[PDB]
Amino acid sequence: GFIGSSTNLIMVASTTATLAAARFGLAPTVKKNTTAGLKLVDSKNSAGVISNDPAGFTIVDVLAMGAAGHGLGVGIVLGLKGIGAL
Amino acid sequence: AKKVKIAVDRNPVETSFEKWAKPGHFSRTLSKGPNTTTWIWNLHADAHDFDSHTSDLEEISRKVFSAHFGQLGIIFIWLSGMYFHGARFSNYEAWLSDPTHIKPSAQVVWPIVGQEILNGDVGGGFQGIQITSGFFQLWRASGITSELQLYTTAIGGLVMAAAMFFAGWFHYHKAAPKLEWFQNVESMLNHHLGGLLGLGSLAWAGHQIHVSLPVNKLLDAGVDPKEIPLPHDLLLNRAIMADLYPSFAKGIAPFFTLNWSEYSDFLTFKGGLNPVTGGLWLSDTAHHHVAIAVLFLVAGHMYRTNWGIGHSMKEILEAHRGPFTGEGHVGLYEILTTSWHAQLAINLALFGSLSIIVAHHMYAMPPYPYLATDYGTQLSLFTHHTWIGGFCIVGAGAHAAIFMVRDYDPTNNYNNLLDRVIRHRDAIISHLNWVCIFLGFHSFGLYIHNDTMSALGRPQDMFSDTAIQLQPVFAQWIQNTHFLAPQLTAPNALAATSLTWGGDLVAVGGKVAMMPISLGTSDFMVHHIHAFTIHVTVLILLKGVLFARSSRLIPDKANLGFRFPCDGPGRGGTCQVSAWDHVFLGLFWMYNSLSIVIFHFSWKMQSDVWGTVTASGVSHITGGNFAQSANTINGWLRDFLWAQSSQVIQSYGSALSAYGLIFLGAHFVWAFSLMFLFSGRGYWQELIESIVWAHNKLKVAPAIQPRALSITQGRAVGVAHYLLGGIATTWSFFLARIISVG
Amino acid sequence: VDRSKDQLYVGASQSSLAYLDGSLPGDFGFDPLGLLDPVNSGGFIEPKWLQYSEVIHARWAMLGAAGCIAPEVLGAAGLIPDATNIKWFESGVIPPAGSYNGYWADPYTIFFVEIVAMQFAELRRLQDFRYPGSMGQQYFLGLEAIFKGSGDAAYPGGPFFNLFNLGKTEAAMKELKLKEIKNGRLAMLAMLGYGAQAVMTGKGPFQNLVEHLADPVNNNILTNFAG
Amino acid sequence: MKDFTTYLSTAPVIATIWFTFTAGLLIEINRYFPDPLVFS
Ligand code: CLA
Ligand code: CLA
Ligand code: CLA
Ligand code: CLA
Ligand code: CLA
Ligand code: CLA
Ligand SMILES: CC1=C(/C=C/C(C)=C/C=C/C(C)=C/C=C/C=C(C)/C=C/C=C(C)/C=C/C2=C(C)CCCC2(C)C)C(C)(C)CCC1
Ligand code: SF4
């Protein structure tokens, strides 16, 4: 069963972490760009996307962090199999 | 925060033949019509100089965009012709059965004035001109097995050519993008990185995984081409694919479950060359384009367009600011979004350098089946793509100087990297000047040292492997490091990327496909010739760019323009001071430097790599005479030019007799060019006066007054004929030679 | 794209609200790429063509969605002979996937009649977009009386295309147009579902539904990656 | 059409047609009378 396996858990955790990090102001988002000093500052969005989320979390943040989460998860899954851990 | 959006103007221009009947309409000067023959040349010279027809950037951009559709449409006609001639006038089908004995041919001549002798005996019951373009090897790799498949591609090529010409007309006469559209550099890079290169690589991986790999796996096994399954049968029937590659039995579940190791059977990392065909494994090539697809698709999400996330290219440039460089990269973003010439200067430089890198990598890692053992194709492709790279780089200097004269504005450039470079140009050119003199003495002087010592009967005093030695120790170390890479630094690679590093030779059909290349004293000497001739070409072109606007001789050179002959005989003489003349001189040195590169390649391969495998060992075409002979200028004259030109001068009466004719004709055009280079239009204008008098005497004098060519056109006509004659001479000499023996 | 109904969908953006004012049917503010912006529009990317094209796609898709499954449903119920209980992609449209022998003519003979018939239907429809009302002028066997259009290309109306003159009131017509667009958009996704499901599973749309209901967990997109 | 025929009358277009005609005539003559060396 794929569900609950090591591969599935890592991908769900990595995807969840990026969404959680971005939503709670731990990663850059659509409304917060990052300065040269790796600090979050307000940004200007040409196509201001309306969102009812109290923090302004838009659907773009989901796609941005969904792909970022998948990239992180895929690397970990394949990396562990490389060293024999997985 | 200007939004990224589509912006056009409706019906900007009217489609009429009115202006087709009014030559010179584009320019105010030429619109009045001709009075002297100089007008005719000016019409063609300034036709595509859009930046000088109008001062409106938007109008310039729209012409560039549509002129590019015309270039694309022309390539499709050319590509369509190559595929069509393969279907109708080629022996491709016979070649598939016996690739090692049948010479590729895709051109046939009509039987007129006795030219049918050029239809040589190429094999497969076919008569035609042998081709060195390598199209047969490319078609085999992709999986083409019938002339019907070639025919359909040609028809598709013409449809694409029609679409390209429609697009050019549509986007100039019907819906022309506005200037703000052209200036979305962030958006363009995103689409061109992830969309053009990224999806293009992924799409081609799909073809290789589903068409090329199955077809070539059976072809190598010896299956008759007509009995191989058709590509669509492979696509529709997963059962067939499972037989060739069992991984297909599991579908795409491994891809989504991250069990990517399941696909190890067709996504390999072998390295080396396929022993049966002598070319790269297609399974390796598929994993290459899959990896490249992911890298570029990720690369296409870097720049900010409409949704906040991403980078601003202006912000990156302005943040990279150091203590040694004043303001830094400030102002470059405005330069590179308002000057087409500045963009062209960069792109030509790297596009040309890429074409040269292609030449080196394709010969060392032959990517197509039966490409290596076809010595005519290996020599032609390496030489073709080196010449293309050479011309592009010289163009990069030409259009860097055009930017410096026309698009450069001091107000926007104050104490930035560009400004500071101009402020120590004497330091740069003086140092680069000395480096060239140093490299000329210590590389070409060694050849003169060897030639004199050899003529004096003092071989022990020469620079050679049996005498004073100059070993490329640094290059030899790198060859050994790459040879041992699979053991420790690339553990998951089975073999070295190329057989040039070391190991054992691969032989296909009794001929060597690739074997280790040894670097000795001769290789040391020739390489430092390359560094010398390249550094001189940089000196000429860089000098033209840095001194385009002014110098200690002409303080106001910018006002004179980019292309003028001189500023008169004053100050001792100022002939050829314009930046255009630095391109004119740079073309000669580029031709000089690349000629040695392709002579180095031709002699080294025949001497040390190419040859016939036999029981005793490898016998090379020129028998390993490069090491002992290429250390003197006399050796090159006798062993390379005089000995190998035997084939071309004995070509008369055979199918190669055409190369003999072009060999003489090329010699003629080259010498003809020296008439324009060694003379000046002052003599010729006076000569035409006497010739015009004879016509006046007979009431047959023209209404358009004859004029001797301008000063600049004499130099342009001279260099064009000089290059054509020189390059065509080598072209005939190479093909008649390698086809005859290789 | 927010499912169901709502004032605005997920992708609605402040930029798209500039020109999306609810005038068009099914205007839920969803235009993240801003293709319907009137400013500096041209070519085929303009509001009039894009809105017209969506309706045309909607109407073809609705016929396709109902026609690509009816043979399977009717065949499953025994209302048509089993010889015609054929998957939509095995009718003859894609002979490599499957072809049906038994039509009154060869499928290429039938195609020529399709070409000629659609040339008249489609080029006459086009000429009303380029020159509104122009198809009601030149003699066409007296049929030009019903081709006068109504000024809006996508909604010709008239005695035939509005046979039963439904939506007489302005309010009623707006509701009908909204219902047409939503059903049309739903059918466009259904047709894409038929195409994707055919490749992934190789079975008809009706078979996929029946299998899913049997064992929903063991029959879905995730399990069909491998078989 | 007047302008298009004017374009065909330009020097480069006329020369292409004229030499295409002239070359074709010479090629065809040598196709039916191969190897002419003496009037005879
Ligand atoms: C039949 C269609 C048509 C017509 C009537 C016009 C008419 C016009 N165009 Mg348009 N145009 C068309 C198609 C057409 N265009 C297409 C298909 C494109 C896409 C490439 C363009 C792109 C375009 C641009 C970018 C511009 C025009 C311009 C013009 C004006 C002058 C053109 C002129 O003098 O041409 C006479 C020129 C020629 C006959 C040269 C033809 C060149 C083509 C590409 C063939 C190249 C062959 C190649 C060299 C072969 C190798 C040669 C070797 C063997 C020796 C005029 C209003 C100009 C304008 O409005 O300026 C204000 C302008 O700047 N057009
Ligand atoms: C761009 C590249 C590309 C493309 C186009 C394909 C395409 C394909 N691959 Mg390949 N593949 C690729 C890259 C690619 N591959 C790469 C990089 C790898 C390495 C990881 C593989 C590894 C791989 C494996 C291991 C397998 C395939 C398979 C397949 C086939 C079935 C895939 C499937 O189940 O789709 C599922 C569903 C879809 C793709 C969606 C289809 C959507 C349709 C087109 C929508 C149509 C809608 C329209 C409105 C309807 C028509 C209406 C009209 C008639 C009126 C298919 C031909 C499988 C196969 O059969 O191989 C023989 C298979 O087993 N591929
Ligand atoms: C992407 C490539 C590219 C592009 C788009 C351009 C574009 C331009 N260049 Mg640049 N250039 C390039 C590459 C490019 N260049 C390269 C590679 C070089 C190095 C050789 C140069 C060197 C160069 C110079 C020195 C100059 C330009 C100029 C120009 C401008 C006017 C050109 C013109 O009117 O030509 C009109 C075209 C012709 C007159 C036809 C030339 C025909 C050649 C000589 C034929 C050669 C032989 C042939 C290929 C094969 C045999 C033929 C057979 C019949 C015997 C224009 C903006 C000129 C300018 O003023 O810019 C501001 C200018 O002075 N370019
Ligand atoms: C074979 C012909 C030839 C030769 C020998 C040279 C030589 C030179 N050219 Mg020239 N050039 C040539 C053809 C030639 N050119 C042509 C045809 C053109 C027209 C396109 C040009 C255009 C051109 C340009 C535009 C430039 C050069 C440059 C140079 C110099 C390169 C660097 C240097 O100092 O090297 C070292 C010198 C040599 C290799 C010459 C031979 C030295 C001998 C072998 C050893 C010394 C002899 C020894 C002392 C014994 C003497 C005894 C005696 C006194 C009794 C050099 C003086 C570049 C320059 O000036 O760079 C600084 C430069 O910018 N050339
Ligand atoms: C360099 C290529 C290029 C570029 C940058 C543009 C750019 C533009 N074009 Mg032009 N165009 C091009 C080539 C290009 N065109 C060609 C080759 C043609 C002839 C076929 C046209 C015909 C054309 C028309 C008729 C129109 C434009 C329009 C536009 C504008 C909007 C484009 C858009 O949003 O498309 C987004 C794309 C789509 C909506 C269609 C997507 C699907 C297409 C039909 C096929 C794509 C195939 C894909 C690349 C590969 C699939 C692989 C496999 C699955 C088969 C924009 C200024 C429009 C305009 O003026 O707007 C103001 C407009 O009306 N273009
Ligand atoms: C875009 C719409 C569309 C298209 C292109 C198709 C296409 C197809 N359908 Mg499908 N179908 C559709 C929509 C569509 N269908 C819809 C919406 C439904 C649900 C109602 C169905 C239900 C359906 C079934 C149940 C079947 C098909 C079948 C077929 C196939 C055979 C067609 C045939 O024989 O027609 C026959 C032709 C006609 C009905 C038109 C007759 C034209 C003459 C000239 C009219 C003469 C009229 C007369 C003079 C006066 C009126 C008389 C009247 C009052 C009695 C073909 C692949 C069959 C199939 O798959 O077979 C293998 C099949 O069994 N379809
Ligand atoms: C809290 C909340 C909620 C929830 C939410 C959720 C639950 C979400 C989810 C979400 C998700 C869950 C998402 C996801 C996404 C994903 C994505 C977007 C992906 C992507 C991917 C990619 C892009 C990939 C790529 C690749 C490939 C293909 C190959 C290899 C490499 C790589 C990896 C790169 C709601 C709203 C209800 C309500 C309110 C609150
Ligand atoms: S006219 Fe000729 S010789 Fe006199 S300065 Fe000008 S380029 Fe030199």
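Sequence lines set the chain letters: A, B, ... in the order given, protein chains first and strands last, and positions in each chain run from 1.
The 12-atom threshold is exceeded at NZ of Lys217(B), counting heavy atoms of other residues, nucleotides or ligands nearer than 6.0 Å. The number of heavy atoms from other shown groups lying within 6.0 Å of NZ (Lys32(A)) is above 12. Residue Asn492(B) places its CG atom among 12 or fewer non-hydrogen atoms of other residues, nucleotides or ligands, all under 6.0 Å distant. Atom CZ of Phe269(B) has 12 or fewer neighbouring heavy atoms from other residues, nucleotides or ligands inside a 6.0 Å radius. The local environment of CZ in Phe2(A) is crowded, with over 12 non-hydrogen atoms from other residues, nucleotides or ligands closer than 6.0 Å. More than 12 heavy-atom neighbours from other residues, nucleotides or ligands sit within 6.0 angstrom of NE2 on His289(B). Within a 6.0 Å radius of NE2 in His207(B), other residues, nucleotides and ligands contribute more than 12 heavy atoms. A 6.0 Å sphere centred on CG of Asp56(B) holds more than 12 heavy atoms belonging to other residues, nucleotides or ligands.
The CZ atom of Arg304(B) sits 9.0 Å away from the OG atom of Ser46(A) when rounded to the nearest 0.5 Å. Interatomic distance, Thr58(A) OG1 to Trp307(B) CH2, rounded to the nearest 0.5 Å: 11.0 Å.
At a heavy-atom cut-off of under 4.5 Å, chain B is reached by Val74(A), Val77(A), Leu78(A), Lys81(A) from residues 69-84 of chain A, listed in order of number.
With a 4.5 Å cut-off on non-hydrogen atoms, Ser261(B) does not touch chain A at all. Contact annotation for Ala47(A): both backbone and side-chain heavy atoms come within less than 4.5 Å of a heavy atom of chain B. Contact annotation for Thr34(A): neither backbone nor side-chain heavy atoms come within less than 4.5 Å of a heavy atom of chain B.
The shortest non-hydrogen separation linking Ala64(A) to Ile309(B) is CB-CD1, 3.8 Å.
The greatest number of non-hydrogen atom pairs below 4.5 Å with chain B, out of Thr7(A), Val60(A), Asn33(A), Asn8(A), is found for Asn33(A).
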